[PDB]
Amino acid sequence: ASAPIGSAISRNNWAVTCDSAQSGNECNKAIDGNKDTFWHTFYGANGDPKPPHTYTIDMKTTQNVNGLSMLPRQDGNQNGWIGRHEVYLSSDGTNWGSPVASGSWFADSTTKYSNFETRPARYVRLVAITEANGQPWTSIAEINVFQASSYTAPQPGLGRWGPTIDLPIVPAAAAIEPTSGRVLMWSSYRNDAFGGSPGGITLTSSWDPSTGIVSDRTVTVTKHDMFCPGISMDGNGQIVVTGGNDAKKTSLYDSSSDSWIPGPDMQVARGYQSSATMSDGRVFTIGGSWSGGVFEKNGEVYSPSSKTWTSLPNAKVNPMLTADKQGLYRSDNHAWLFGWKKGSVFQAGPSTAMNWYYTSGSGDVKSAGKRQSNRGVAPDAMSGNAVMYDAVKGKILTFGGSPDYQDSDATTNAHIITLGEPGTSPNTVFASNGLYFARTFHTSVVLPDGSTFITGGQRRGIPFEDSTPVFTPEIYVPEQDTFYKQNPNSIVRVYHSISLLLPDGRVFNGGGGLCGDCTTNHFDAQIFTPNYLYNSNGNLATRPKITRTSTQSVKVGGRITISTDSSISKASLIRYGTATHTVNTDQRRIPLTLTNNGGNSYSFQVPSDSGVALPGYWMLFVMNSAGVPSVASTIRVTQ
């Protein structure tokens, strides 16, 4: 079940207009207050008019709209369930503009929602583009429009939230498909639940930024229910999805062919582990006591070339365990892993103790000291995020989290960890004065300019409950060592939420929930457009364009020559991300040292060390004098 952030508006003086309506199933039948009566389009008489089918509402007066509900027909018939749709808002009548919400709803009889940012409007319009099973009809039992307590205009210069992407599933896990630019998302065996799973099935969904289309696919070929996994993009360009509900399995997502192919079983059955891509393109994983048993689960490595998993039992999980009250079940979860030089993997936390993991032979571990500063020793920070914003200088920003997985207060603790060579204890200092808001279950992404966008979460970690939410996102700016509050959103993004950087420089933030008949399932996502895409007038700024590239595929140490349409000041390489349960071990940023060839022609070198420039797919962004980035050019980095 689900959402809607506000209170229902009075349906007394409402004037409703439909494009098609039968006798006995009129347009006004969707606002009467009965769940047994319904609106239905032409069937039998006047033939069968195929969708788009429109439902326009006139609320007579200006209301602070933040959502809508659509209750399907409750008579047991499927004819009319809305699939693809769009929600529009207006103040006059024929100046709708862009949709405030768009996407696809699941094929069932449950109440569907479209939750979006507050915007004053008099007219609301629900366009039903398709029917859930491809039939010509559209039927709504009850349609309600929701309102917020008040409207506060978004502050100029602090970004913008919107539109909302309505989804058929709760996106508890996600990844960008680099070759196509689409967002791949997945839930479990069901769209809203995981408990009582027979295994072997994952419901996936995708969203295309260029088309706006949301499609779904049932994945059974890999015999893996991919809820609660380790996720990593290997050097061969495939997403390694490990364990979870089906603890011993591995699933490989290939972006170029848009398909899922079976991977070899892991040596140790895991759930909630973090996996990290290494310097040689291999994938390292450790811990994960959510599924497959609760015991000491040491490291293991995946080789893409041989298609094997090999145990590294001496890469001990013991030194990275948090002091979690629930014990080993939680203490080895969601490690802040980063692939580094010479096959090593840095573990930045969540435990106070940081460690170096080695992958040669049967593995090894060496203490990297405690995450600390002049303010003291940093406590365990489960569900705290870690972002490598400057891989060349080995800079990692860590923030938030709580001592225990649940029933624990989040903190404002933030640190900057500076990596040196493997085996050396990194320097750690506090980041500014920490976060503005204490948050756990929050998500983050590194932006083109080196800044880290932090969003969602709650002050006290209570899974599946939308209590003590943080609506105001923050951006950390390294050059200034300062956090900045951005414009707030209206949707709670707590446990099971995700954030990914899109190729267009915007942030995709979604999910939260996945508990079944609970009221906290968020079958959606929202787009955050940062300030760097806006001019001083509050309109979308002119973006510099990468007119030509010498090559799309490059080896570490190699050069790329580009041509632009205007002068460039800075450039960056951002590794494509993957996300689940606050973990994103794939994203990282490399600031590029540019050589000006003149005539808007620039050259740069991809770092020689594959521990910095992790093999895989990367986003090339160029920034002008005003700081406005281009859309990304997809670059494949090999060894």
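The first residue of the sequence shown is number 1, and the count goes up from there.
**Q** Using the B-factors recorded in the PDB entry, average over the C-alpha atoms of 595 to 603 and of 43 to 51, then report which stretch comes out higher.
**A** The entry gives the higher C-alpha B-factor average to 43 to 51.
**Q** Can you tell me whether 109 to 117 has a higher mean C-alpha B factor than 383 to 391 in this record, or the other way round?
**A** Stretch with the greater average CA B-factor: 109 to 117.
**Q** Whose CA atom has the top B-factor in the entry, of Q238, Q135, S367, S432?
**A** Among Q238, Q135, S367, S432, the PDB entry lists the largest C-alpha B-factor for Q135.
**Q** Determine which member of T529, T164, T561, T152 has the highest CA B-factor, using the values in the deposited entry.
**A** When the deposited C-alpha B-factors of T529, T164, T561, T152 are compared, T152 is largest.
**Q** When the modelled residues of the chain are sorted by Cα temperature factor, does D449 land in the lowest, middle or highest third?
**A** Its C-alpha B-factor belongs to the lowest third of this chain's values.
**Q** What third of the chain, by the recorded C-alpha B-factor, contains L620?
**A** It falls in the bottom third of the chain.
**Q** Thinking about Cα B factors across the chain, which third does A276 belong to?
**A** Tercile = lowest for this residue's CA B-factor.
**Q** Can you tell me which third, lowest, middle or highest, the CA B-factor of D234 falls into for its chain?
**A** As the PDB entry reports it, the C-alpha B-factor of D234 lands in the middle third of its chain.
**Q** Is the Cα B-factor recorded for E474 in the lowest, middle or highest third of its chain?
**A** It belongs to the lowest third of the chain when residues are ordered by C-alpha B-factor.
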